[PDB]
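> I'd like to ask you about the structure that follows.
Residue numbers (the deposited numbering): 60 to 135.
Next comes the structure, spelled out in structure tokens:
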């Protein structure tokens, strides 16, 4: 790869795909958190920090954030 990529820093397709996949996959008390942070800050989601970060920001358990993230990341 010579020239710079296209998914940098962050692309819309990724964010939109993340939120959609969240509400399309997760549910109950899983998609809410994921979508919450996603809509709360687009910069924090696709390439968001470690699970610990998102968890600390959402004040929710890391385990949950990990499950939702893995479910929405499994697509990749």
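C-beta: ideal position from N, C-alpha, C; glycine also.
Looking at residue 92: is its Cβ nearer than 9 Å to the Cβ of residue 130?
Start at 1 with the first residue of the chain shown, and residue 92 comes out as number 33. Start at 1 with the first residue of the chain shown, and residue 130 comes out as number 71. It is not a contact, given that the beta carbons lie outside the stated cut-off.
> Pairs of beta-carbons, one from the stretch 67-75 and one from the stretch 107-122, closer than 8 Å: are there three or more?
no
> Which runs of the alpha helix (DSSP H) at least 4 residues long sit entirely within the stretch 65-113? Give them in chain order.
71-84 and 90-99
> From the DSSP output, in three-state form, read off residue 60 for me.
What you label residue 60 is simply residue 1 of the chain shown in a count that begins at 1. It is coil, neither helix nor strand.
> Can you grab the Cα-Cα spacing for the pair residue 78 / residue 128, in whole Å?
Locating residue 78 in the chain shown gives position 19, counting from the first residue. Locating residue 128 in the chain shown gives position 69, counting from the first residue. Going by the C-alpha atoms only, they are around 11 Å apart.
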